[PDB]
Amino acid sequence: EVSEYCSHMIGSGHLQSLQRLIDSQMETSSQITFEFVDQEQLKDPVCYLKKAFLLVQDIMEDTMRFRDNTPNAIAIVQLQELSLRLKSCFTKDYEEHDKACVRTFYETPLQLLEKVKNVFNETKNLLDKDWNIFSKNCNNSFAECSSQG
């Protein structure tokens, strides 16, 4: 079940952690490649975040990497712990729609980090309005995407 366990689960400390993450990065024009949800393909706000929340998990595990026991590595662990708690708040969608709406991006680390912060921030905002919002069936939204990863 999705349940009231979902409401208020993403806290302000989580967002401040994301912000300190962003603020400590040296500013660079250097771009990196990553997979993320293509907003131009998936425009519905709820299903965008349903898909994006899942990808953020891969992004944290493989891309947002820091030295053991540094403040930023600790924030990632907390965001991963938080994401595990959040997994019962997103209803599962069809497995045929796993790579739909995903594309490779060529963007700076700061732009990737802003995408991740926006996912956690907007997920928190919608959960605070309705703890059941991510029980939405997004199979038709994913089917309307033009491409796949």
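Residue numbers run from 1 along the displayed sequence.
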- Comparing 45-53 with 95-103, which stretch shows the greater average C-alpha B-factor in the deposited entry? 95-103
- Task: Could you check the entry and say whether 111-119 or 80-88 has the higher mean CA B-factor?
- Result: 80-88
- The third of the chain into which the C-alpha temperature factor of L18 falls is the middle
- Compared with the other modelled residues in the chain, in which third is the CA B-factor of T70? lowest
- Note on the structure: The third of the chain into which the C-alpha temperature factor of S24 falls is the middle
- Chain-wide C-alpha B factor ranking for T33, given as lowest, middle or highest third: middle
